[PDB]
$ cat start.txt   # compact mmCIF, N, CA, C and O atoms and all ligand atoms
# COMPACT_ATOMS: atom_id res chain seq x y z
N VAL O 1 37.99 143.59 94.08
CA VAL O 1 37.83 142.55 93.05
C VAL O 1 38.77 141.40 93.34
O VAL O 1 39.96 141.61 93.59
N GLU O 2 38.26 140.17 93.27
CA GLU O 2 39.06 138.96 93.38
C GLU O 2 39.28 138.34 91.99
O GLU O 2 38.42 137.65 91.45
N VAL O 3 40.41 138.64 91.35
CA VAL O 3 40.70 138.14 90.00
C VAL O 3 40.96 136.64 90.03
O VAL O 3 41.92 136.16 90.65
N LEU O 4 40.06 135.90 89.39
CA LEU O 4 40.00 134.45 89.47
C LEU O 4 40.93 133.78 88.46
O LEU O 4 40.61 133.69 87.27
N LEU O 5 42.09 133.31 88.89
CA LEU O 5 43.02 132.57 88.04
C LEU O 5 42.51 131.16 87.71
O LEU O 5 42.62 130.24 88.53
N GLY O 6 42.00 130.96 86.50
CA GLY O 6 41.67 129.63 86.00
C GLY O 6 40.22 129.52 85.53
O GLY O 6 39.55 128.55 85.88
N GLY O 7 39.75 130.53 84.79
CA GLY O 7 38.39 130.67 84.24
C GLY O 7 37.63 129.37 83.99
O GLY O 7 37.66 128.79 82.90
N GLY O 8 36.88 128.90 84.99
CA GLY O 8 36.04 127.72 84.86
C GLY O 8 36.79 126.43 84.53
O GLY O 8 36.15 125.49 84.05
N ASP O 9 38.12 126.36 84.69
CA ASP O 9 38.99 125.23 84.32
C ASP O 9 39.13 125.03 82.80
O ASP O 9 40.23 124.79 82.29
N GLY O 10 38.04 125.20 82.06
CA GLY O 10 37.98 125.09 80.61
C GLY O 10 38.35 126.37 79.87
O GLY O 10 38.24 126.43 78.65
N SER O 11 38.78 127.42 80.58
CA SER O 11 39.48 128.54 79.94
C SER O 11 40.68 128.95 80.79
O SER O 11 40.52 129.49 81.89
N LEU O 12 41.89 128.66 80.32
CA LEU O 12 43.11 128.97 81.07
C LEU O 12 43.38 130.47 81.12
O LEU O 12 44.25 131.00 80.42
N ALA O 13 42.62 131.19 81.94
CA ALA O 13 42.53 132.64 81.87
C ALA O 13 42.13 133.21 83.23
O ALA O 13 41.80 132.45 84.15
N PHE O 14 42.14 134.53 83.38
CA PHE O 14 41.49 135.16 84.53
C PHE O 14 39.99 135.33 84.30
O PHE O 14 39.53 135.34 83.16
N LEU O 15 39.26 135.59 85.38
CA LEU O 15 38.00 136.34 85.33
C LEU O 15 37.99 137.39 86.45
O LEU O 15 38.08 137.04 87.63
N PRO O 16 37.90 138.70 86.14
CA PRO O 16 37.88 139.31 84.81
C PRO O 16 39.25 139.28 84.12
O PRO O 16 40.27 139.18 84.78
N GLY O 17 39.27 139.46 82.79
CA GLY O 17 40.50 139.60 82.01
C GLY O 17 40.81 141.07 81.68
O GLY O 17 41.92 141.41 81.28
N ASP O 18 39.83 141.95 81.89
CA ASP O 18 40.00 143.40 81.85
C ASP O 18 39.14 144.05 82.93
O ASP O 18 37.94 143.80 83.00
N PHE O 19 39.72 144.88 83.80
CA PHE O 19 38.92 145.61 84.78
C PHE O 19 39.62 146.91 85.14
O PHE O 19 40.73 147.15 84.68
N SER O 20 38.98 147.76 85.95
CA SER O 20 39.58 149.02 86.35
C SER O 20 39.47 149.19 87.86
O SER O 20 38.64 148.55 88.50
N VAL O 21 40.33 150.02 88.44
CA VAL O 21 40.35 150.24 89.88
C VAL O 21 40.63 151.70 90.19
O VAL O 21 40.99 152.47 89.30
N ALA O 22 40.48 152.11 91.45
CA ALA O 22 40.97 153.40 91.90
C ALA O 22 42.31 153.25 92.63
O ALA O 22 42.70 152.16 93.06
N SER O 23 43.05 154.34 92.78
CA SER O 23 44.35 154.30 93.45
C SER O 23 44.17 154.06 94.95
O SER O 23 43.33 154.71 95.59
N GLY O 24 44.92 153.13 95.53
CA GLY O 24 44.86 152.79 96.95
C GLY O 24 43.90 151.63 97.25
O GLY O 24 43.73 151.24 98.40
N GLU O 25 43.25 151.09 96.22
CA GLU O 25 42.40 149.91 96.36
C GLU O 25 43.25 148.63 96.31
O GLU O 25 44.44 148.69 95.99
N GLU O 26 42.66 147.48 96.61
CA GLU O 26 43.38 146.21 96.69
C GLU O 26 42.86 145.20 95.67
O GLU O 26 41.67 144.91 95.62
N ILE O 27 43.76 144.64 94.86
CA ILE O 27 43.42 143.51 94.01
C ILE O 27 43.76 142.22 94.76
O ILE O 27 44.84 142.09 95.33
N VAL O 28 42.84 141.26 94.73
CA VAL O 28 43.06 139.92 95.30
C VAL O 28 43.16 138.91 94.17
O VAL O 28 42.20 138.69 93.44
N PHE O 29 44.32 138.32 93.96
CA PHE O 29 44.48 137.28 92.95
C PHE O 29 44.29 135.91 93.59
O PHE O 29 45.02 135.57 94.53
N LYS O 30 43.32 135.11 93.15
CA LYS O 30 43.07 133.80 93.77
C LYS O 30 42.98 132.68 92.74
O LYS O 30 42.64 132.94 91.58
N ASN O 31 43.29 131.46 93.13
CA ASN O 31 43.28 130.31 92.24
C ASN O 31 41.85 129.83 91.94
O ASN O 31 40.93 130.12 92.70
N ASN O 32 41.64 129.06 90.87
CA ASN O 32 40.39 128.31 90.69
C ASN O 32 40.60 126.89 90.17
O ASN O 32 39.96 125.96 90.65
N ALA O 33 41.47 126.72 89.18
CA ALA O 33 41.65 125.43 88.53
C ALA O 33 43.03 125.38 87.88
O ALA O 33 43.68 126.42 87.82
N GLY O 34 43.47 124.24 87.35
CA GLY O 34 44.63 124.19 86.45
C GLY O 34 45.98 124.52 87.10
O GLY O 34 46.86 125.06 86.44
N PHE O 35 46.14 124.24 88.39
CA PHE O 35 47.27 124.73 89.17
C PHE O 35 48.64 124.29 88.65
O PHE O 35 48.74 123.26 87.98
N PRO O 36 49.72 124.98 89.04
CA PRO O 36 49.80 126.19 89.87
C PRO O 36 49.69 127.48 89.06
O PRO O 36 49.76 127.46 87.83
N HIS O 37 49.57 128.62 89.74
CA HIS O 37 49.56 129.94 89.10
C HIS O 37 50.26 131.00 89.95
O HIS O 37 50.72 130.72 91.05
N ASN O 38 50.36 132.23 89.46
CA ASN O 38 50.98 133.36 90.13
C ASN O 38 50.44 134.63 89.47
O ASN O 38 49.65 134.50 88.54
N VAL O 39 50.89 135.81 89.90
CA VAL O 39 50.68 137.04 89.15
C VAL O 39 51.98 137.81 88.97
O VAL O 39 52.75 138.00 89.91
N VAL O 40 52.20 138.23 87.73
CA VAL O 40 53.37 138.99 87.32
C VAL O 40 52.95 140.20 86.49
O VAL O 40 52.30 140.06 85.46
N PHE O 41 53.28 141.40 86.94
CA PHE O 41 53.04 142.61 86.16
C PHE O 41 54.11 142.76 85.07
O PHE O 41 55.29 142.53 85.31
N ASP O 42 53.70 143.10 83.85
CA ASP O 42 54.61 143.06 82.70
C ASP O 42 55.55 144.28 82.63
O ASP O 42 55.11 145.40 82.32
N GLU O 43 56.84 144.10 82.91
CA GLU O 43 57.81 145.18 83.15
C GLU O 43 57.98 146.18 81.99
O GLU O 43 58.61 147.23 82.16
N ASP O 44 57.43 145.88 80.81
CA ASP O 44 57.51 146.73 79.63
C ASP O 44 56.23 147.55 79.40
O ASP O 44 56.21 148.47 78.58
N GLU O 45 55.14 147.25 80.12
CA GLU O 45 53.85 147.90 79.86
C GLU O 45 53.18 148.51 81.10
O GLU O 45 52.27 149.33 80.96
N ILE O 46 53.66 148.19 82.31
CA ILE O 46 53.27 148.91 83.54
C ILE O 46 53.55 150.42 83.42
O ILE O 46 54.34 150.84 82.57
N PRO O 47 52.97 151.26 84.29
CA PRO O 47 53.26 152.69 84.26
C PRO O 47 54.67 152.97 84.76
O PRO O 47 55.33 152.11 85.35
N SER O 48 55.17 154.17 84.50
CA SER O 48 56.57 154.49 84.76
C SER O 48 56.86 154.69 86.25
O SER O 48 57.96 154.38 86.72
N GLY O 49 55.88 155.13 87.04
CA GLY O 49 56.08 155.49 88.45
C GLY O 49 56.16 154.32 89.43
O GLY O 49 55.96 154.52 90.63
N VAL O 50 56.41 153.10 88.97
CA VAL O 50 56.48 151.91 89.83
C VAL O 50 57.52 150.93 89.29
O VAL O 50 58.00 151.11 88.17
N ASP O 51 57.88 149.90 90.05
CA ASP O 51 58.64 148.73 89.59
C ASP O 51 57.78 147.48 89.78
O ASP O 51 57.25 147.23 90.86
N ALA O 52 57.63 146.66 88.73
CA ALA O 52 56.87 145.42 88.83
C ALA O 52 57.36 144.55 89.99
O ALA O 52 56.58 143.84 90.61
N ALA O 53 58.63 144.66 90.37
CA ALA O 53 59.16 143.88 91.48
C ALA O 53 58.52 144.19 92.84
O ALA O 53 58.76 143.47 93.82
N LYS O 54 57.68 145.23 92.94
CA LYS O 54 56.88 145.50 94.15
C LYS O 54 55.44 144.99 94.04
O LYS O 54 54.71 145.05 95.03
N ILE O 55 55.01 144.51 92.88
CA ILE O 55 53.60 144.14 92.67
C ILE O 55 53.41 142.75 92.05
O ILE O 55 52.42 142.09 92.33
N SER O 56 54.39 142.24 91.30
CA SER O 56 54.46 140.83 90.93
C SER O 56 54.82 139.95 92.12
O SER O 56 55.42 140.44 93.08
N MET O 57 54.54 138.65 92.06
CA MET O 57 55.11 137.70 93.02
C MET O 57 56.60 137.47 92.73
O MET O 57 57.09 137.85 91.67
N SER O 58 57.33 136.83 93.64
CA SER O 58 58.71 136.41 93.39
C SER O 58 58.77 135.26 92.39
O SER O 58 57.81 134.50 92.25
N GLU O 59 59.88 135.09 91.67
CA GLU O 59 59.93 134.19 90.52
C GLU O 59 59.63 132.72 90.84
O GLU O 59 59.10 131.99 90.00
N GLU O 60 59.91 132.27 92.06
CA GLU O 60 59.67 130.90 92.52
C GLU O 60 58.56 130.82 93.57
O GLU O 60 58.40 129.79 94.24
N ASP O 61 57.76 131.88 93.71
CA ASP O 61 56.57 131.84 94.57
C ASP O 61 55.29 131.67 93.74
O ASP O 61 54.94 132.54 92.94
N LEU O 62 54.59 130.53 93.88
CA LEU O 62 53.38 130.25 93.11
C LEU O 62 52.29 129.62 94.00
O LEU O 62 52.59 128.92 94.96
N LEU O 63 51.03 129.87 93.65
CA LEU O 63 49.82 129.36 94.30
C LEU O 63 49.51 127.95 93.77
O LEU O 63 49.13 127.82 92.60
N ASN O 64 49.65 126.90 94.59
CA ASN O 64 49.64 125.54 94.07
C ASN O 64 48.44 124.70 94.50
O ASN O 64 48.15 123.68 93.86
N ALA O 65 47.71 125.11 95.53
CA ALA O 65 46.46 124.46 95.88
C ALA O 65 45.26 125.34 95.50
O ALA O 65 45.44 126.53 95.22
N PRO O 66 44.04 124.79 95.49
CA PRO O 66 42.82 125.51 95.14
C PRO O 66 42.65 126.85 95.85
O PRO O 66 42.46 127.87 95.21
N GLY O 67 42.72 126.88 97.18
CA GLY O 67 42.27 128.06 97.92
C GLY O 67 43.34 129.12 98.14
O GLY O 67 43.07 130.12 98.80
N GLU O 68 44.55 128.94 97.62
CA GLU O 68 45.64 129.89 97.89
C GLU O 68 45.43 131.25 97.22
O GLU O 68 44.76 131.34 96.19
N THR O 69 46.04 132.31 97.75
CA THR O 69 45.83 133.68 97.26
C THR O 69 47.10 134.52 97.23
O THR O 69 48.10 134.22 97.90
N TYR O 70 47.06 135.63 96.50
CA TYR O 70 48.06 136.69 96.57
C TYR O 70 47.31 138.01 96.57
O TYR O 70 46.21 138.07 96.03
N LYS O 71 47.84 139.08 97.17
CA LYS O 71 47.10 140.34 97.32
C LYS O 71 48.00 141.55 97.11
O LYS O 71 49.19 141.49 97.42
N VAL O 72 47.46 142.65 96.60
CA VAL O 72 48.24 143.89 96.45
C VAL O 72 47.37 145.14 96.51
O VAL O 72 46.38 145.25 95.79
N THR O 73 47.73 146.11 97.34
CA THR O 73 47.19 147.47 97.20
C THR O 73 47.92 148.15 96.05
O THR O 73 49.15 148.14 96.05
N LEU O 74 47.20 148.72 95.08
CA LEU O 74 47.83 149.27 93.87
C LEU O 74 47.58 150.78 93.75
O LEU O 74 46.60 151.30 94.28
N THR O 75 48.45 151.51 93.05
CA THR O 75 48.38 152.95 92.91
C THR O 75 49.03 153.33 91.60
O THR O 75 49.58 152.47 90.92
N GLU O 76 49.00 154.61 91.28
CA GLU O 76 49.53 155.26 90.07
C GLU O 76 48.61 155.07 88.87
O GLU O 76 48.36 153.96 88.41
N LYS O 77 48.05 156.17 88.36
CA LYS O 77 47.06 156.15 87.28
C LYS O 77 47.67 155.75 85.95
O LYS O 77 48.32 156.57 85.29
N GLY O 78 47.47 154.51 85.55
CA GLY O 78 47.88 154.01 84.24
C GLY O 78 47.35 152.60 83.98
O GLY O 78 46.71 152.00 84.85
N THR O 79 47.62 152.07 82.79
CA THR O 79 47.33 150.69 82.42
C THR O 79 48.18 149.68 83.18
O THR O 79 49.35 149.93 83.44
N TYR O 80 47.60 148.54 83.52
CA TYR O 80 48.21 147.48 84.33
C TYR O 80 47.95 146.10 83.72
O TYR O 80 47.10 145.32 84.11
N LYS O 81 48.77 145.74 82.74
CA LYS O 81 48.89 144.34 82.33
C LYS O 81 49.62 143.54 83.40
O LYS O 81 50.81 143.74 83.66
N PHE O 82 48.92 142.59 83.99
CA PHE O 82 49.55 141.52 84.75
C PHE O 82 49.05 140.21 84.22
O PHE O 82 47.89 140.04 83.85
N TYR O 83 49.97 139.28 84.12
CA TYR O 83 49.74 137.99 83.52
C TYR O 83 50.32 136.94 84.45
O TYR O 83 50.90 137.27 85.47
N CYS O 84 50.16 135.69 84.10
CA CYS O 84 50.69 134.60 84.89
C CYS O 84 51.84 133.93 84.13
O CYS O 84 51.60 133.29 83.10
N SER O 85 53.09 134.09 84.56
CA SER O 85 54.25 133.82 83.71
C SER O 85 54.34 132.41 83.10
O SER O 85 54.80 132.31 81.96
N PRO O 86 53.87 131.33 83.73
CA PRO O 86 53.80 130.03 83.06
C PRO O 86 52.84 130.01 81.86
O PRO O 86 53.04 129.24 80.92
N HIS O 87 51.81 130.86 81.88
CA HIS O 87 50.66 130.79 80.97
C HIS O 87 50.43 132.06 80.15
O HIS O 87 49.52 132.09 79.31
N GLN O 88 51.19 133.13 80.37
CA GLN O 88 51.02 134.39 79.63
C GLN O 88 51.13 134.19 78.11
O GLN O 88 50.32 134.71 77.35
N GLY O 89 52.03 133.32 77.64
CA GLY O 89 52.14 133.03 76.22
C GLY O 89 51.00 132.12 75.74
O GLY O 89 50.49 132.27 74.63
N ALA O 90 50.53 131.24 76.62
CA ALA O 90 49.35 130.44 76.35
C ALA O 90 48.06 131.28 76.36
O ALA O 90 47.00 130.79 75.95
N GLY O 91 48.13 132.54 76.78
CA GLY O 91 47.04 133.51 76.66
C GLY O 91 46.59 134.10 77.99
O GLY O 91 45.83 135.07 78.00
N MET O 92 47.07 133.57 79.12
CA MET O 92 46.63 134.05 80.43
C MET O 92 47.19 135.44 80.77
O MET O 92 48.20 135.57 81.46
N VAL O 93 46.48 136.47 80.33
CA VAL O 93 46.85 137.86 80.55
C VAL O 93 45.65 138.60 81.12
O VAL O 93 44.51 138.32 80.74
N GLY O 94 45.86 139.52 82.05
CA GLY O 94 44.81 140.37 82.57
C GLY O 94 45.22 141.82 82.44
O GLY O 94 46.40 142.15 82.49
N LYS O 95 44.24 142.72 82.30
CA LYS O 95 44.47 144.16 82.21
C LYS O 95 43.69 144.89 83.29
O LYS O 95 42.51 145.21 83.12
N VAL O 96 44.34 145.13 84.42
CA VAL O 96 43.84 146.09 85.40
C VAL O 96 44.19 147.48 84.88
O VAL O 96 45.00 147.63 83.97
N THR O 97 43.56 148.54 85.37
CA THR O 97 43.94 149.91 85.02
C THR O 97 43.52 150.81 86.17
O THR O 97 42.39 150.69 86.64
N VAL O 98 44.40 151.67 86.66
CA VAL O 98 44.05 152.59 87.75
C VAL O 98 43.50 153.88 87.14
O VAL O 98 44.24 154.59 86.46
N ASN O 99 42.20 154.16 87.31
CA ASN O 99 41.53 155.26 86.59
C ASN O 99 40.50 156.02 87.43
O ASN O 99 40.90 156.86 88.26
CU CU O 101 48.51 130.58 85.27

$ encode --input "start.txt" --output "structure tokens"
Amino acid sequence: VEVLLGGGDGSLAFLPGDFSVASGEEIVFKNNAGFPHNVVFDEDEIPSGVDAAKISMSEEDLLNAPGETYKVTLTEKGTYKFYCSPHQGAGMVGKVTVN
């Protein structure tokens, strides 16, 4: 799945905003509109068997042109809220889940 950061430009959101995956699969986070963006897993709601610092981007690393991307192979069976830290309060939140 390629999670599209910038839902049609007219929705400051992902597409999808909720999805599920299997363990060992890869999520591709890519830009669409409204730049810049990033992906950050929420350190209070991720599963216990990981650290968001291995799956979020670095605090000053962001996707600033249209075609830029970030990628992660993900594991551990649980809920996965990742959001985009500039826009998470503005509503840009996604829910992956390894199931
Ligand atoms: Cu964003």

$ residues_around --input "start.txt" --residues "residue 75 in chain O" --least-positions-apart "3" --cutoff "6 Å" --atoms "all atoms listed in the file" --output "ChimeraX atom specification"
/O:22-25

$ residues_around --input "start.txt" --residues "range 34-36 of chain O" --least-positions-apart "3" --cutoff "8 Å" --atoms "only C-alpha atoms" --output "ChimeraX atom specification"
/O:6,9,12,31,62-66

$ residues_near_ligand --input "start.txt" --ligand "ligand CU 101 (chain O)" --cutoff "5 Å" --atoms "all atoms listed in the file" --output "ChimeraX atom specification"
/O:36-38,84,87

$ residues_around --input "start.txt" --residues "residue 56 in chain O" --least-positions-apart "4" --cutoff "8 Å" --atoms "only N, CA, C and O atoms" --output "short mmCIF file (atom, residue, chain, number, x, y, z; two decimals) with N, CA, C and O atoms, keeping the file's coordinate frame"
data_model
loop_
_atom_site.label_atom_id
_atom_site.label_comp_id
_atom_site.auth_asym_id
_atom_site.auth_seq_id
_atom_site.Cartn_x
_atom_site.Cartn_y
_atom_site.Cartn_z
N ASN O 38 50.36 132.23 89.46
CA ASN O 38 50.98 133.36 90.13
C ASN O 38 50.44 134.63 89.47
O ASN O 38 49.65 134.50 88.54
N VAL O 39 50.89 135.81 89.90
CA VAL O 39 50.68 137.04 89.15
C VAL O 39 51.98 137.81 88.97
O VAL O 39 52.75 138.00 89.91
N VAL O 40 52.20 138.23 87.73
CA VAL O 40 53.37 138.99 87.32
C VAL O 40 52.95 140.20 86.49
O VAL O 40 52.30 140.06 85.46
N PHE O 41 53.28 141.40 86.94
CA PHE O 41 53.04 142.61 86.16
C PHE O 41 54.11 142.76 85.07
O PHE O 41 55.29 142.53 85.31
N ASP O 42 53.70 143.10 83.85
CA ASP O 42 54.61 143.06 82.70
C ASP O 42 55.55 144.28 82.63
O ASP O 42 55.11 145.40 82.32
N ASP O 51 57.88 149.90 90.05
CA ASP O 51 58.64 148.73 89.59
C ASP O 51 57.78 147.48 89.78
O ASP O 51 57.25 147.23 90.86
N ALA O 52 57.63 146.66 88.73
CA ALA O 52 56.87 145.42 88.83
C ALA O 52 57.36 144.55 89.99
O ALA O 52 56.58 143.84 90.61
N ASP O 61 57.76 131.88 93.71
CA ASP O 61 56.57 131.84 94.57
C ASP O 61 55.29 131.67 93.74
O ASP O 61 54.94 132.54 92.94
N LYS O 71 47.84 139.08 97.17
CA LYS O 71 47.10 140.34 97.32
C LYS O 71 48.00 141.55 97.11
O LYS O 71 49.19 141.49 97.42
N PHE O 82 48.92 142.59 83.99
CA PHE O 82 49.55 141.52 84.75
C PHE O 82 49.05 140.21 84.22
O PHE O 82 47.89 140.04 83.85
N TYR O 83 49.97 139.28 84.12
CA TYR O 83 49.74 137.99 83.52
C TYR O 83 50.32 136.94 84.45
O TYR O 83 50.90 137.27 85.47
#

$ residues_around --input "start.txt" --residues "residue 1 in chain O" --least-positions-apart "6" --cutoff "8 Å" --atoms "only C-alpha atoms" --output "PDB file with N, CA, C and O atoms, in the frame of the given file"
ATOM      1  N   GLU O  26      42.660 147.480  96.610  1.00  0.00           N
ATOM      2  CA  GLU O  26      43.380 146.210  96.690  1.00  0.00           C
ATOM      3  C   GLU O  26      42.860 145.200  95.670  1.00  0.00           C
ATOM      4  O   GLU O  26      41.670 144.910  95.620  1.00  0.00           O
ATOM      5  N   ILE O  27      43.760 144.640  94.860  1.00  0.00           N
ATOM      6  CA  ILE O  27      43.420 143.510  94.010  1.00  0.00           C
ATOM      7  C   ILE O  27      43.760 142.220  94.760  1.00  0.00           C
ATOM      8  O   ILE O  27      44.840 142.090  95.330  1.00  0.00           O
ATOM      9  N   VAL O  28      42.840 141.260  94.730  1.00  0.00           N
ATOM     10  CA  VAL O  28      43.060 139.920  95.300  1.00  0.00           C
ATOM     11  C   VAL O  28      43.160 138.910  94.170  1.00  0.00           C
ATOM     12  O   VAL O  28      42.200 138.690  93.440  1.00  0.00           O
TER      13      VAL O  28
END

$ atom_distance --input "start.txt" --atom1 "atom O of residue 91 in chain O" --atom2 "CA of residue 78 in chain O"
20.0 Å

$ residues_around --input "start.txt" --residues "residue 13 in chain O" --least-positions-apart "4" --cutoff "6 Å" --atoms "all atoms listed in the file" --output "VMD selection string"
chain O and resid 4 to 7 91 to 93

$ atom_distance --input "start.txt" --atom1 "atom N of residue 69 in chain O" --atom2 "atom C of residue 29 in chain O"
5.8 Å

$ closest_residue --input "start.txt" --among "O:59, O:74, O:79, O:95" --to "residue 45 in chain O" --atoms "only N, CA, C and O atoms"
O:79

$ select_by_dssp --input "start.txt" --residues "chain O" --states "strand (DSSP E)" --output "list in words"
residues 2, 3, 4, 5, 26, 27, 28, 29, 30, 31, 40, 41, 69, 70, 71, 72, 73, 79, 80, 81, 82, 83, 93, 94, 95, 96 and 97 of chain O

$ closest_residue --input "start.txt" --among "O:50, O:33, O:72, O:98" --to "residue 2 in chain O" --atoms "only C-alpha atoms"
O:72

$ atom_distance --input "start.txt" --atom1 "atom O of residue 46 in chain O" --atom2 "atom C of residue 60 in chain O"
23.2 Å
